[PDB]
Each structure stands twice: as structure tokens, then as C-alpha cells.
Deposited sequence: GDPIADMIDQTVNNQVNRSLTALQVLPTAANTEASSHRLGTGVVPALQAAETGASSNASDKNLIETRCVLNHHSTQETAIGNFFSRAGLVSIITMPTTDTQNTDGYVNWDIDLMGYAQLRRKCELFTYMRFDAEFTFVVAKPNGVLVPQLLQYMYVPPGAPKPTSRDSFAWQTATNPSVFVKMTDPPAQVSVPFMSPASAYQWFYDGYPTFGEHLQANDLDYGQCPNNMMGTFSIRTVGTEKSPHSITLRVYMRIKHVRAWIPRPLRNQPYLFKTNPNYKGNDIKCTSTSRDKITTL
């Protein structure tokens, strides 16, 4: 009332459920002016909304092809290799920092989206380096960021009074386990454009470009249980399955091969083209 200035767009789309693909209904020829379903304008940034019944004459079909194989719950619910760990290292324990972007098969699928909130399932397949199996007791401890990491085979950190740990034998079935969503933010991100800290960014400290601290999840440390040196070599393999997936903001895929585990660097002398080349343009 004393000031009329201080007394003060819509939702564009709506979500609907579609089990199968769309049917096609019949049509016929249309000789006339005015309407043009075949002429678009690509400058508006929208795709062509033309269908088959406005271009040619169609018959009626009723298809029951299901669209459940392409859901992101089923596209991701497959296990994949994330790391191998070897201790030939020479004295027992091995501290492996958690980093799951080291293998190009699972990295290319997860980097289709920018943000992704999920739930992992892990499993550990362990054998000798030639694929043999001997009876041997092991321990896998998960160290959250900040907890005291072990520094020897017989340290005090292996008492695991609050850290979770798994005791398994080598001749057993592999050990599955389920890990929740544990980030401080609301989703994981595979692309973080920006520096983590404040301050003057010099030439020596250019390593920090692109390191999000919301993806650091501590280390993962294994050992053999006994206090004497075991006579066996051990290689371990970790497989990860993704469940309860939500994904946002798709982005282009990658055509160049990977080089390092943290940055999108590529080999600048061999720029491989996306498509395979041919001789002429007219003769396929």
C-alpha cells in the first residue's frame, strides 16, 4: 500500500510413460497448397517434427517393440573392471588410493553424462599371477579420508575397531559387498572446471586444475594376515556394478584414446578422425 513497487514463464514440458514404440496409422495423398510438413528451419535449434505419414503414404501397423532395454537402469547394471592390484608390495601390505577412471571400457560409459548419482556394488576376485589357488588368509580394509592409513604389515591400524574390513580366504567364492552414496555434494561429477582452493595460481601449482575434492573417497588397503612373510604372489581384481542410477546433462562421447587418469589430455600429433575415409564422394 505505501509502495506499489514491492507487492510483486511456465513449466514447458510434462513427463509421460511410454512402454512400447509408437504405432503408425494409414494416410493417403494430399494435393494442396498452404501447408508444408517437409520444410523445416534448423536455425531455431529444434529437431524436425515431421513424421512418415506426412511425407509418403503409409499403411497401418501396430508394433509391440518394448523400450526397456535402453533405460539407464539396465544400461549401467553390468559389472566392469576398475583396478588390478599386485603384491609380488614386496613386504605385505599395499595401499591403493581409490580411482576408478583407469580403464577405458567403463570410463567411456560413465563420461556420457556430467552428473551421476548412484550406488556401487563391489566384488574382489583374487588368485595367483598364473591363475592358481592356494589356501591363504587375507584382509581388505577400507580407509575413509582422514583415518590413519597402515604403514606396515603389523601396524596398529589393522585393529579395525571402526573401519569396515573383510576377512576372506583365497579358495573361497569372491567377496561381494554393497557401498552407498557417500559424497558431500548431491551427485558425483566427472568434469569439474575450476581450481579447488583460493590464492594465486602459479606455474608450479597448475596440477590442481580439474581436481574436485568431492570425489576423493580415501584409500583401500589389503594385506596378508600373518606376521611372517607369505611365500605366495597375489593379484587381485575389482569389479563394480552400478545400481539406483540417476543421470543428468548428457554430453558428447570421446573419439581420441585416453592418456592419463585425471585429465582429458590427448596426443596432439595423431588426431584420429571419427569416420573411416574412402576414395570418391560419389562411389561408395
Unmodelled ranges, which are counted on the deposited sequence from position 1 and given in order: 1, 10-16, 97-101
